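In structure tokens, one chain follows: the form deposited in one PDB entry.
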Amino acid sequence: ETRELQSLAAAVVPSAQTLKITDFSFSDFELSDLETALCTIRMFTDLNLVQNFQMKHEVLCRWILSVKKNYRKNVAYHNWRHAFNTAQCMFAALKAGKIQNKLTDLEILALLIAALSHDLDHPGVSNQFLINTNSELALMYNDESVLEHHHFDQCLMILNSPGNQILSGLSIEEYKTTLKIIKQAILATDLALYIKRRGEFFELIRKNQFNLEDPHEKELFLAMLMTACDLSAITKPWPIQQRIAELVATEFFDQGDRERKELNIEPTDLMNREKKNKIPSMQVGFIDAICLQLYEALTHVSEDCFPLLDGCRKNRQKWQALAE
């Protein structure tokens, strides 16, 4: 819609202070879609990206709305609000968490774009579902990070779209580099890849060998940061985290519904509304096995990222209290 673009581009963008986007404890629940878009513009602006890379205001506005409209409204969790929340946690980590200081302008540009774009056109079903249902996507990408490849494809398609070319102001070297960072950052949101690569990260920190001047370590850090931001709802104040957890479960059970009907299987516990009683012990196991070490390691990298760790620990106890 042209009107929606014109509304957004003509709107005054409140300050980061007013929008509370620097807060790790930030919540989007009370915000309109328009307000989420204004927040996004402010993230680009206060990370000095609109200035640095000479972005036209209307081009940025169109791109944001194009990203937003390419998330599905019938997917409970992996929708625009999750993407938006991921981007906001990135902003918070960069600003209040002091990660900005450790990265180049290009890396920040690519990280912001990847956060917003990383679940584009998510269908509300997992990679394994797409593989099982012989979807053409799983065929294109050899059953490997299927959704994530698709998300990157969508990201590129929008970046290439007339009027949406927010990177048109980059030099060729910067453009190529930025696109590569974006691709690797979006792929990193496959939790399979996180598991595969996190040991190296944890051991670099343990041996005091962590050095962001190393290109390979930089890429590794960026992947870890993406996973951290992506999973950050789990670190939110209990009532916020609890509401988002309900959405996560809704999407998982919707998939299980599809699996019963389309595949005639009993879904795995994660996907099985009939076994919703497992949610709390499953949240505890997930926090222990996946989340805690990540937020610890990030705090090791920058002590100002502690609130994510604190939040995660507090929510673990709450879930454990329900489970035990």
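All residue numbers refer to positions in the sequence shown, first residue = 1.
Note that the form deposited with a small molecule bound isn't included here; everything after this is about it.
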- Item | Contact stretch among 208-216, 93-101, 106-114, 239-247 - heavy atom within 4.5 Å of the small molecule in the bound PDB entry | 239-247
- Wondering, does residue 81 line up within 4.5 Å of the small molecule in the bound PDB entry on heavy atoms? yes
- Message: Is residue 233 near the small molecule? Define near as a heavy atom within 4.5 Å, in the bound PDB entry.
- Response: yes
- At the 4.5 Å heavy atom threshold, is residue 46 in contact with the small molecule in the bound PDB entry? no
- Query: According to a 4.5 angstroms non-hydrogen atom cut-off, is residue 178 in contact with the small molecule in the bound PDB entry?
  - Reply: no
- Query: Looking in the bound PDB entry, is the small molecule within 4.5 angstroms of a heavy atom from every one of 202, 220 and 302?
  - Reply: no
